[PDB]
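1. part one of the complex, untouched from its place in the assembly:
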Amino acid sequence: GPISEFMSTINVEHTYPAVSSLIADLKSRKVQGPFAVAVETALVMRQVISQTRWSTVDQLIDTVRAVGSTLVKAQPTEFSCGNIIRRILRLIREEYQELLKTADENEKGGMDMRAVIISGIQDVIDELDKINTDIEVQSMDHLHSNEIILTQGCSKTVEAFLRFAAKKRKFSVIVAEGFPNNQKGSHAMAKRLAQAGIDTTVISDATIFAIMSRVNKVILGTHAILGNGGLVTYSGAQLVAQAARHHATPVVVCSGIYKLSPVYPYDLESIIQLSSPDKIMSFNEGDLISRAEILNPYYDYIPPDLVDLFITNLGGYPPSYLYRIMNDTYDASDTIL
Amino acid sequence: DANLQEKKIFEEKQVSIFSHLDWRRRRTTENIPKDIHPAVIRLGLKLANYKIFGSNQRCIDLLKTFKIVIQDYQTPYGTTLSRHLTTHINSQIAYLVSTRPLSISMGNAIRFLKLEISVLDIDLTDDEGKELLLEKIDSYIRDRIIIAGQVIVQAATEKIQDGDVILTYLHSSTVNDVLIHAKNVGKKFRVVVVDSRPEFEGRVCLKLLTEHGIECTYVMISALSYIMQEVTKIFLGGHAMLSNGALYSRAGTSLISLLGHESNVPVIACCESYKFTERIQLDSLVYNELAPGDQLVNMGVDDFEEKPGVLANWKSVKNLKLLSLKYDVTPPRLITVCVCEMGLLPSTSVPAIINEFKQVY
Amino acid sequence: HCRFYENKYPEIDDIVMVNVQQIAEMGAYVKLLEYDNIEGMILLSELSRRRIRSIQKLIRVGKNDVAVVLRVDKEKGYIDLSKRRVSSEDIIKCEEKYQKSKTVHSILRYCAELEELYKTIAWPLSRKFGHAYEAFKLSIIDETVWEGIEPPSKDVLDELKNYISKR
């Protein structure tokens, strides 16, 4: 049940324009990354709420769902889209059921709750700029001096996770650049980690198995978490988990909660995305680019039975408890969009 | 001074793994502050000097003592009871922690009582406030522990089968309280009692079960490989269950579970609910509590019997240090069941139960 | 063993002290001692509210508790009760009223060496002053409250007059 069944593509552009403008920005990867998708997904629905007129609540939850179903097929793999939607849907039917009852409680039809949703939407937006700032503080219960740590590729959440510990504890981290797609940011992170007083070492992606033998913990940042606790993460992370489990090395995941999604990884081949081979082999090698098959995926699936701990804005939680974070944050009716 | 000590407590993050574990213990009443209730003194002495001090009886004696503190409390005329009472109590904890670190059991009790003080109705009076939370405490001792124990033992003994060979380790009053039941309900079985150095806590378990007429077998932990071939079930009483499903009990508890699983015996964890913790531990070294190293100098089959050894000068010889951790964590892949008062749950289901009590709106 | 009050069964919206026997998948098979320990059922939902993820906290087994009656089917023996809807005060009015009856029955069970004695003495006397106890002490400060008393024999009857001395 998408939106085009409700509103004509042209009148959508007049009623809620930013929606139609977002889909373009969403398919063209003008806005990628789960955070940038998340915050922009919210404040788009802000204007939507501030622009739709309606009478009964069942109009909204059927309307806002419909735009979401298209807002997903724009680029579905950027999961943070629906997660902001699915959370909004519960946000209204909670604000509904609380008001429909507190009015019944005032006893011996007022769709003017739009500004409450906006006060509820902006609440979740303000939570996003409060993702790392309340996650970085969990380090001092996990990072300790003289320990050896391994991560992979740029991940500011993990970056801020360590640097907070570096304030008082001195220790060492090991960085595996996320070749080919996380190369740039990963190098930068290590250069920043060095300033904070962290014996940081940059290694090729293939040097992972070698050094893990003397690694205490591995910290990882993901691109999203799926309904089975599995991980969709930027390329080359399974190399770390598989090398970790081979050494009984604990695996820790520092992720926000807006990436936690209930969609179930049915077929992986419809999850991973494939970027341009230009990041792997130069266009000049013309003989090769013709005679061969060149692929550059930039996601990676690691199964849930491989993560030992989840650092979230709500706290540390085993993977076998993620579901209770879902049902306390979403609604099973909104699994599919 | 405290910040000066806090500077010291920073420098204790050096090459040694156990650099951070706190060794500072006060075992005497020298230089005690005045605001320390007598019944607290007698407790702090029992904490630092007792050894068969189960994590349950501690929480009880702590609460029963706390009643006597509150009962004798006297708020200043210029301030109601709720305001400026934790401050008094907080000044009691800081003493008790200096005798021996707070157990997980004791801690959550502090966190609970500190809460009910806050939510306490201001429009009451002293004798109204006091008489109230003394029941809250007595209720906490009723529902959270004593009754919960009686549920566990009955729930645990149900899975005891005639012909079993039970293995406990290092005297868990709960685990003793279930075997004695299974004896009195008519279950036909026998017990293996695994003990270990330095304070052989297992003998007192052997003493109890023997005085109840239970076939018992006593071996040190070094005989686990030898003795597990007869065992069919393993019963463990924990000091706490982590939120990841791990079990936080005494030292050998990890090996007991490990050696058992590699011989296909189940690890049954009997632990109450108030001993659940919102925290998690990847290694048995980040969060722990030490015992004095001197206790394993007197190498003999005794500990008080002052017969020396070769390591008596370890404190004075460089490149030599003795230590004895008191707890370690056991991964949940080794724990088979947790026997909370909500029934037999899988250990991984702990944090939900923790979040279940947070229904306190 | 015997019955307490002349009504073989309690009426709806009475309040009865009752001892729990066992708890099953559906309710709590209780037995009311004010009517010769006859059985009755209390629905799970009508038990005191719970506070645990799973309550097998059956501390109350062999426990004397209070309850209100909902339905009665005398021809078949079933009784339905409820513990929740009992107020936090009339319970005491039952407890205050209970032990009086327990005290009275305690005297005849001694003399049980009873159903007749209720027929002869208890219930009609309670029918005269509302309840036995509420004037049972007056039998020492008065005798005209014995208007219409015909025991089976003055053999052990006067022993009562000598037994109201004790208590």
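-> Yes, it's here. Residues are numbered from 1 along each chain as shown, chains lettered A, B, ... in the order given.
2. Starting from chain C, give me the distance back to residue A:303.
-> 29 Å (CB to the nearest CB, to the nearest Å). For the C-beta atoms, the positions are set from N, CA and C on the backbone; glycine is no exception.
3. Does chain C have contacts with stretch A:323-334?
-> No: for stretch A:323-334, no contact with chain C is found by CB under 8 Å from any CB of the partner chain; the gap never falls below 12.5 Å.
4. Could you work out the end-to-end span of that stretch for me?
-> In stretch A:323-334, first residue to last residue: 15 Å (CA to CA, to the nearest Å).
5. part of a helix, is residue A:287?
-> Yes: judged by DSSP: H, G, I helix; E, B strand; the rest coil, residue A:287 forms part of a helix.
6. Report how many residues lie close to residue C:41.
-> 15 (other CB atoms under 10 Å in any protein chain shown).
7. That one falls within a strand, correct?
-> Yes: with three-state DSSP as the criterion, residue C:41 is assigned to a strand.
8. Who is the closest residue to it other than its chain neighbours paired with across the strands?
-> Excluding the flanking residues, the one nearest residue C:41 by CB to CB, 6 or more residues apart in numbering or on different chains is residue C:27, at 4.8 Å. Applying DSSP bridges to residue C:27 yields these beta-bridge partners: residue C:43.
9. where exactly do the strands run in chain A?
-> A:148-152, A:172-176, A:201-203, A:217-220, A:224-225, A:231-234, A:251-254, A:274-275, A:296-297, A:299-302, A:309-312, A:315-317 (DSSP state E).
10. could you dump the fourth one to PDB, C-alpha only?
-> Included here for strand A:217-220 are C-alpha records, laid out as PDB according to Å, rounded to 0.1, in the frame of the first residue of the first chain:
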ATOM      1  CA  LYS A 217      38.700  -6.800  22.200                       C
ATOM      2  CA  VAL A 218      37.300  -5.800  18.800                       C
ATOM      3  CA  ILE A 219      34.900  -2.800  18.500                       C
ATOM      4  CA  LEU A 220      32.700  -2.400  15.500                       C
END
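11. Show me what it is packed against.
-> strand A:148-152, helix A:156-166, helix A:238-245, strand A:251-254 (3 or more CB pairs under 8 Å, 6 or more residues apart in numbering or on different chains; DSSP states H and E).
12. so which of these gets nearest chain C?
-> Checking the helices and strands packed on strand A:217-220 against chain C by CB to the nearest CB gives strand A:251-254 as the closest, at 27.8 Å.
13. OK, contacts around residue 1?
-> Since no chain was named, I'll use chain A. By CB atoms under 8 Å, 6 or more residues apart in numbering or on different chains, the contact set of residue A:1 is A:62, A:65, A:66, A:69.
14. I was thinking of chain C, sorry if that wasn't clear
-> C:36, C:37.
15. Further, place chain D onto the existing structure:
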Amino acid sequence: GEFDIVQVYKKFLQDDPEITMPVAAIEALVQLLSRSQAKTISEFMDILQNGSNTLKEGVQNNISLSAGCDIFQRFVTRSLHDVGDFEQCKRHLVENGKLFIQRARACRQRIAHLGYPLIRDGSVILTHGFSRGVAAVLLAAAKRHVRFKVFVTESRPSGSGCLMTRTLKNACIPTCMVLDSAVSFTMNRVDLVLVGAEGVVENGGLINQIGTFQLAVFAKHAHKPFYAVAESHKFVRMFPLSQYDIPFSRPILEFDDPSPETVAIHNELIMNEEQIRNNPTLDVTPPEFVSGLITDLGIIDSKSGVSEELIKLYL
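-> Placing chain D onto the earlier chains gives this:
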């Protein structure tokens, strides 16, 4: 009125085979509730227990329905309150009863609408024995036009394998019956294994036919995912410590005691009907070997979330 209930139960099986034993049991009690006319809640739940245990002792104390019955009681038992008019009881009773049957019969379809996306174009599945749940997910996939192949276990001693392969073939689905002793050799070919469940356990276990754990470990050793389909009315409140801690109707796996008395393919060489009855009927797979559980409550995988949902039921 009607005294024998098992007959009612026995009727619905012939009135419709597409419903399983637990489903009919609910339809019986609802009939038992409606055609009854009690006067006290005690009487109402009394005949319930009698009606339940009668059905329980009726079948060989089966688990799939003894589950369903116990849920049905502790369903209607909640939210039950007598308010003024007594008939509200029986009304709220049987009215909520058919409501449970509504969710009951509709569970087999709801799971299929969640299970078929597991089946992917060109994949290959493995199923042990016959399971109506495994049927729907496969067909609804095939009925939605997707190419896949399926192995089927011989399913001794129930032999239900010979039936399940037929049930698929009648829907244009390739089938290759594999001996019970040859699932290992089959694995490297399979992409995913899918089985039914005769009962689900507090620990997230899986009480099903005798061979499930046999191939649940192979899936582990072959790193191929293991999926199981189970309806909510099969969550049972028991807890085994090992893959053997289940109640035995008949004493199983006993040894003969002899005494000095001397007395390719060989399909006709099998155990007698007496030896088979000595072998066990059921088998339990611990939760570490199941990648996920397909229920009307959704796809469950935590194996601590099976308990929350299970605890949500029995109350």
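16. Repeat for what packs on strand A:217-220, accounting for chain D.
-> Secondary elements touching strand A:217-220 (3+ CB pairs under 8 Å, 6+ apart): strand A:148-152, helix A:156-166, helix A:238-245, strand A:251-254.
17. which neighbours does the first one have in its sheet, and in what orientation?
-> Same thing as strand A:148-152. Assessed with DSSP bridges, strand A:148-152 is paired to strand A:172-176 (parallel), strand A:217-220 (parallel).
18. Run through the residues that contact residue B:257.
-> Taking CB under 8 Å, 6+ apart as the test, what residue B:257 contacts is B:234, B:236, B:247, B:267, B:330, B:334, B:335.
19. Same question for residue B:238.
-> With CB under 8 Å, 6+ apart, residue B:238 has these contacts: B:172, B:247, B:248, B:249, B:253, B:269, B:270, B:271, B:275.
20. which residues does the fourth one bridge with?
-> Beta bridges link residue B:249 to residue B:328 when assigned by DSSP bridges.
21. Pick out the residue closest to the middle of chain D.
-> residue D:198 (2.5 Å; CA atoms, centre = their mean).
22. out of the contacts of residue B:257, which are buried?
-> B:234, B:236, B:247, B:267, B:330, B:334, B:335 (16 or more other CB atoms under 10 Å in any protein chain shown).
23. which of these come close to chain D?
-> Okay, of these, nothing touches chain D (CB under 8 Å from any CB).
24. Of those, just say which sits nearest to residue A:3.
-> residue B:335 (49.6 Å; CB to CB).
25. so what's that closest one closest to, chain neighbours aside?
-> Nearest in space to residue B:335, with sequence neighbours left out and distances taken as CB to CB, 6+ apart, is residue B:347 at 4.3 Å.
26. got a list of what residue B:46 touches?
-> B:53, B:61.
27. Which secondary structure state does it sit in?
-> helix.
28. What parts of chain A come near chain B?
-> A:141-142, A:144-146, A:168-169, A:217, A:250, A:252, A:308-309, A:315-318, A:320-321, A:324.
29. In PyMOL, how would I select just the buried ones from those residues?
-> Filtering those down to the buried ones (16+ other CB under 10 Å) takes a single PyMOL command:
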select buried, chain A and resi 142+144+145+146+169+217+250+252+308+309+316+317+318+320+321+324
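30. In the chain, what residue spans correspond to helices?
-> The chain I'm using is chain A. A:9-15, A:17-27, A:34-49, A:57-73, A:80-104, A:114-128, A:156-166, A:183-195, A:208-211, A:238-245, A:286-291, A:322-327 (DSSP state H).
31. nope, chain C please
-> So, for chain C - with DSSP H - the helices run C:90-111, C:115-120, C:122-129, C:133-136, C:154-163.
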